[PDB]
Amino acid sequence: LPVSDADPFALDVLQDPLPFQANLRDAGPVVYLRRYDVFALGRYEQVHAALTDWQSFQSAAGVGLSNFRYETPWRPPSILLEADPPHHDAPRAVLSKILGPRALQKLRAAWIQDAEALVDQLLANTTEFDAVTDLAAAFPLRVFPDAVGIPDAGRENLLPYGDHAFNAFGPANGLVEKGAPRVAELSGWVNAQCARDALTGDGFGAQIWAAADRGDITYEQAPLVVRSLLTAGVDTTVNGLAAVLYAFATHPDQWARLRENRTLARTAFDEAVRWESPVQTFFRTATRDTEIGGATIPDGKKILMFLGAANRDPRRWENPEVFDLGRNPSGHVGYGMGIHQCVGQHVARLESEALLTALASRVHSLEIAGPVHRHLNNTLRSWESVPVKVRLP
């Protein structure tokens, strides 16, 4: 069995994980990380197998490093992300209906419009700006908390709350331990936005509580289902949006292709999600001795699935390092796969469709205007700054 002292949460790897990914894939289907006592998977075949096989690889012992068999969770674990069937089934089906295609139809014209207002206002002021702060961060914060229906107070908690959650899936290293004094306040705030009386009458929050009225979920589940939205719903889309913007800023032919066919927006965003893989890793825990990639994972031990690695595995993807909207990215594991696969993907895509359409409407060409800067995180590939210069027609 290949065994390694590689630390996937070291600051150098988080800054640039592409060499670790390629070594993981090259070493074997399964690599034992001695540092953490887990089994790493980097190739698509095994990452796909592990994601779908919920019977062998459970989530309820936690999908971070931390094993809830023994360790105290930093918060009450997610009743979606960290629940197996049957407990998973009810809250899943509620979000699945609420965030599904049909349901989102009603928000499309609003979100297109908000995107056009954000872009018009930005462009009236500057032709050069940061795509992170001015676009990728700014647009989800305009539309998404409003669609959930939380109030305006404490909205500055959304990004740190998400950040901390994604960090907290990794080891108790400095990125988690620096977050840990501010947890109580961060948690205090989020719980407070999940109550029925904190939410507007019509948003996703409202609809979650309406599902509880019908007995789809309990009144005890209702706030934690809202909480999933406020953990997973913001940071991921910001980083997905910074990735596709960075890609278009770096790929003038691909930008022209979008401008020729605006219906390419959905597939543009999915290709960014494959190529960037905003969520890089998750854990599962083996329920039995299970054989994957030629290796036996003992009952009770954790696997580490490298989504980013699988999404650039050349066994599944031709020339994987390339961002190409010509590629069919369908089958990427950037949203996961099987019963836990991202229930917010219709939201992500509509966001990208709105923003991309607004941008392409006004912007002849786009380039990188300055150094790019990452924001380090144990689990989430985060962008801090993407300076861009746009040329108006």
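Heads up: residue numbers just count along the shown sequence, starting at 1.
Peer 1: Comparing average C-alpha B factors as deposited, tell me which of 307-315 and 290-298 sits higher.
Peer 2: Mean C-alpha B-factor is greater for 290-298.
Peer 1: So which stretch wins on mean C-alpha B-factor, 81-89 or 177-185?
Peer 2: Of 177-185 and 81-89, the stretch with the higher C-alpha B-factor average is 177-185.
Peer 1: I'd like to know which of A40, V347, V363, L356 has the highest C-alpha temperature factor in the PDB entry.
Peer 2: When the deposited C-alpha B-factors of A40, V347, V363, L356 are compared, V347 is largest.
Peer 1: If I read the C-alpha B-factors straight from the PDB entry, which of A256, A124, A195, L135 is highest?
Peer 2: Of the candidates given, the C-alpha B-factor peaks at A124.
Peer 1: Considering every modelled residue of the chain and its Cα B-factor in the PDB entry, is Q15 in the lowest, middle or highest third?
Peer 2: Highest third of the chain for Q15's C-alpha B-factor.
Peer 1: Among the modelled residues of its chain, does the C-alpha B-factor of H373 lie in the lowest, middle or highest third?
Peer 2: Its C-alpha B-factor belongs to the middle third of this chain's values.
Peer 1: Taking the C-alpha B-factors as the PDB entry records them, is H251 in the lowest, middle or highest third of its chain?
Peer 2: Lowest third - that is where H251 ends up once the chain's C-alpha B-factors are sorted.
Peer 1: Quick check for you: using the entry's CA B-factors within this chain, is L33 in the lowest, middle or highest third?
Peer 2: Tercile = lowest for this residue's CA B-factor.
Peer 1: Check where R142 lands among this chain's C-alpha B-factors and tell me if it's the lowest, middle or highest third.
Peer 2: It belongs to the highest third of the chain when residues are ordered by C-alpha B-factor.
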